[PDB]
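Descriptive analysis of the structure
Each chain, letter by letter, is given below.
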Protein chains: 2
Amino acid sequence: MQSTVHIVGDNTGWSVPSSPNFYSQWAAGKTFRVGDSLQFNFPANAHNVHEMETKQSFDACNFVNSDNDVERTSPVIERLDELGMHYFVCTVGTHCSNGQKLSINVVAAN
Amino acid sequence: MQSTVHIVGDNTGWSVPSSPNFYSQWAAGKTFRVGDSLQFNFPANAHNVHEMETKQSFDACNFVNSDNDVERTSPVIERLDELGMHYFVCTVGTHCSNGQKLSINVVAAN
Ligand SMILES: [Cu+2]
Ligand SMILES: [Cu+2]
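Residues numbered from 1 in each chain as written, not as in the entry; some residues may be left out. Chains lettered and ligands numbered in written order. Heavy atoms only, no water. Residues with missing side-chain atoms left out of burial classes, pairs and counts.

- Looking at the entry header, you'll see X-ray crystallography listed as the method and 1.6 Å as the resolution.

So this is what it looks like as structure tokens:
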């Protein structure tokens, strides 16, 4: 049994959405298990993908512990290695405040 | 411009090859740039993917600084983040000595 590579936002990919609830509706339709990966597809240089530690920072789009940026190449494929809540955002400009952020709950595979 | 996700061994995937030179011929037909990723597809639980630090360890299949194992889920997708030589092996049994190892040279994207 192969693990799944989920395509964030399906055909829409990773961008600033028209409705702020876009990625949380997308995540609620899937089940994510340890071993799966998340693929973020976007036009190079326009966005990025950063994982945040805590819900508070994710909620506030506060990137003080975030990494200066650097890599904006796509696709970015992140492995889901640990159980529990994971938070990813785009740190460009106001994109996170405009809804380009995704929180998912990872469960075991067995 | 999207980065490439290369499929290690193309349709063959990641397994112990019939000829020991299999993965080095596969790697010599491609160009790998920072930002691309390598996807290793194999039957769960049968192999794994581990990156080694030095050529000497890779050459000898010496896994003394290697990580106990743990995750054998597939696919494993590794991002190529740094320039220069990268070495990956399967640490199960005698697979590395039997040719299940891959060394690639990563160049810049610009
Ligand atoms: Cu963005
Ligand atoms: Cu193996």
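Don't stop here, the text continues.
Things to note about the layout of surface pockets
- Each pocket or cavity is described by its volume, and for the largest pocket that value is around 500 Å³.
- What lines the largest pocket is a set of 23 residues, and nearest its centre among them are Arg79(A), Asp81(A), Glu71(B), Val76(B) and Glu78(B).
- If you list the elements that add at least two residues to the lining of the largest pocket, you get β5 (76-79) and β6 (84-89) of chain A together with β4 (50-52) and β5 (76-79) of chain B.
- When residues in the lining of the largest pocket are grouped by element, the largest group, 4 residues, is from β5(B).
- Tallied by class, the residues present in the lining of the largest pocket amount to 7 nonpolar, 5 polar and 11 charged.
- In this structure, the second largest pocket spans a volume of roughly 300 Å³.
- Contributing to the lining of the second largest pocket are 15 residues, with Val49(A), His50(A), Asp69(A), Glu71(A) and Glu78(A) lying nearest its centre.
- Secondary structure elements with two or more residues in the lining of the second largest pocket: β4 (50-52) and β5 of chain A.
- In terms of residue count, the dominant contributor to the lining of the second largest pocket is β5(A) (3 residues).
- Residue classes in the lining of the second largest pocket are distributed as 4 nonpolar, 4 polar and 7 charged. (1 Å grid on protein atoms, 1.4 Å probe; cavity = no way out; pocket = protein on both sides within 12 Å on 5 of 7 lines; lining within 4 Å. Points joined across faces, edges and corners; volume = space filled by probe spheres on them. Helix = DSSP H or I, 4+ residues; strand = E, 2+ residues; numbered from the N terminus. Nonpolar A, V, L, I, M, F, W, Y, C, P; charged D, E, K, R; others polar.)

Section: the coordination of the copper ion (ligand 2)
Residue and element names in this part refer to chain B.
- Donor atoms from the polypeptide that bind the copper ion (ligand 2) are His47 (ND1), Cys90 (SG), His95 (ND1) and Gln100 (OE1), placed at 2.0 to 2.2 Å.
- For the copper ion (ligand 2), the 4 donor atoms are set out with angles of 94 to 134° between them, so the coordination reads as tetrahedral.
- Under the relative-accessibility criterion, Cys90 is labelled buried at 0%.
- The class of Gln100 is buried, set by a relative accessible area of 0%. (Donors = N, O, S within 2.8 Å, 3.2 Å for Na, K, Ca; no water. Tetrahedral: all angles 85-135°; square planar, octahedral: opposite > 155°, others 65-115°. Buried < 20%, exposed > 50% of the residue type's maximum accessible area, 1.4 Å probe, protein only.)

Digging into the coordination of the copper ion (ligand 1)
Residues and elements named next belong to chain A.
- Ligation of the copper ion (ligand 1) by protein atoms is provided by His47 (ND1), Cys90 (SG), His95 (ND1) and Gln100 (OE1), these donors lying 2.0 to 2.2 Å from the ion.
- Angles of 94 to 134° at the metal separate the 4 donor atoms of the copper ion (ligand 1), which places the site in the tetrahedral class.
- Sequence spacing of the donors to the copper ion (ligand 1): H-x42-C-x4-H-x4-Q. Taken together, the residues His47 in the loop between β3 (37-40) and β4 and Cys90 in the loop between β6 and β7 (101-107) connect sequence positions 43 residues apart. The pair formed by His47 and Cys90 is uniform in burial state, with each residue classed as buried.

Points about the state of the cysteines
Residue and element names in this part refer to chain A.
- Within the structure shown, the criterion is met by 2 disulfides over all chains.
- At a sulfur-sulfur separation of 2.0 Å, the disulfide partner of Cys61 is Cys96. Here the disulfide of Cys61 and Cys96 is left-handed, its torsion about the S-S bond being about -80°. With a gap of 35 residues between them, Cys61 in the loop between α2 (55-60) and β5 and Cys96 in the loop between β6 and β7 connect regions that are remote in the sequence. For the pair shown, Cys61 and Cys96 are each scored as buried. (Disulfide = S-S within 2.5 Å.)

So, the interface of chain A and chain B
- Of the residues lining the interface, 17 residues belong to chain A; the matching set on chain B comes to 17 residues.
- The element best represented in the side of chain A that touches chain B is β5(A), accounting for 3 residues.
- A breakdown of the residues in the side of chain A that touches chain B according to their chemical character gives 8 nonpolar, 6 polar and 3 charged. (Contact = heavy atoms within 4.5 Å.)

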